[PDB]
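So this first bit is one chain, no partners, the form deposited without this ligand, shown in structure tokens.
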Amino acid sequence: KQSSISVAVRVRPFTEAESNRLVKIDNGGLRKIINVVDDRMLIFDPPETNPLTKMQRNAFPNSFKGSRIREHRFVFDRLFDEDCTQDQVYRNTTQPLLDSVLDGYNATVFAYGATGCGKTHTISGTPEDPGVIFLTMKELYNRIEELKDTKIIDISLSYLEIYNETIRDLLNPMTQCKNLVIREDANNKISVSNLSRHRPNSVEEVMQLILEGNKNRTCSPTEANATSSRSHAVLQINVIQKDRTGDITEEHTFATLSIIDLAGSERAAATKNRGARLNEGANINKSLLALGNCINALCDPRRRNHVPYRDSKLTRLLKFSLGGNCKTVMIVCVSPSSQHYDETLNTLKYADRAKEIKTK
């Protein structure tokens, strides 16, 4: 019935230039491929073209030049439309995670998407219209200030990256990768070694830390993307909570909120020169596969005997941040333009791997 892992897929709206240059064909082109049909269901590549009667008869056994129904029916735990605003996204996306975190349980949000689907707009936003992260941290600090009485709260911030199966600190650069090693504690705490910690006092400090870390993030120009991420960026907010006026003692609690950027999967064909740029991509692909092999394994009750956490650094870093005692969400960002068609298809079925809902 109830599962801790949920999938939310957001459809980007067509930009002004793209809309103007692609509508001409409707009235290259756009041929919107994503047609939402329900809040839990979308259709990829529908047969909504008005002049379709001439070769719809080929589907009937008359001429076998095309018979491959390319239309797909995808089911997800939540769909966000092109006109859905940032507040509508956040209210159904990360508020329960914040409730769980303040309760004392870990929470996790993944953000996945290829190039040009609006991942950065979704998670980071703009100064005029800030993203999901700003709303999340603002609500956190508002709730903490509301709950100042009878409870003491402390906030710790960490921001690292996984790159070629090595851990790097972004807020504290020029540290040897060998120094940073995962160390599972006896009390189920991942506790990466020699990781810098920061104690921001407001959302502005948090965003300053985020920008400083992103300045150090690993990136290379590839394909049509001038700046393409080559690493999985992990932000961790540790909320430590104890009693103020009540049982003043050493006993306390602490939980973690994880916000995890996932470099998109890449077909090497796009990379010709290849080289180091080919190896990173390979590792990225492997990492993504490992993550899938966890999430699906966490959704199928049968395969709960053993979840393959050790297959990658990312999955091991989240050993106790995906199970039933932690609320996990995944924000899959896609684009309805045809220019990204194949990529979007791949992305959708990645989102389909979390829970293979056969029923349409």
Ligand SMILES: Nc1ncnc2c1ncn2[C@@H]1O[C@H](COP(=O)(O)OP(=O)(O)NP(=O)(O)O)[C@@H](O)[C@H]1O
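All residue numbers are counted from 1 along the displayed sequence. Throughout, rigid core stands for the largest set of C-alpha atoms superposing within 1.5 Å between the two forms.
Note that the form deposited with this ligand bound isn't included here; everything after this is about it.
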Out of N194, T120, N285, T218, which one falls within 4.5 Å of this ligand in the bound PDB entry, going by heavy atoms? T120
Tell me, out of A114, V109, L102, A233, which residue has a non-hydrogen atom within 4.5 angstroms of this ligand in the bound PDB entry. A114
Hey, in the bound PDB entry, does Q339 get a heavy atom within 4.5 angstroms of this ligand? no
When the contact criterion is heavy atoms within 4.5 Å, does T15 count as touching this ligand in the bound PDB entry? yes
Stretch in contact in the bound PDB entry with this ligand, which is absent here, among 120-128, 199-207, 166-174, 150-158 (heavy atoms within 4.5 Å): 120-128
Could you check which of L211, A276, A224, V181 shows a C-alpha shift of 2 Å or more between the shown form and the other one after a rigid core superposition? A224
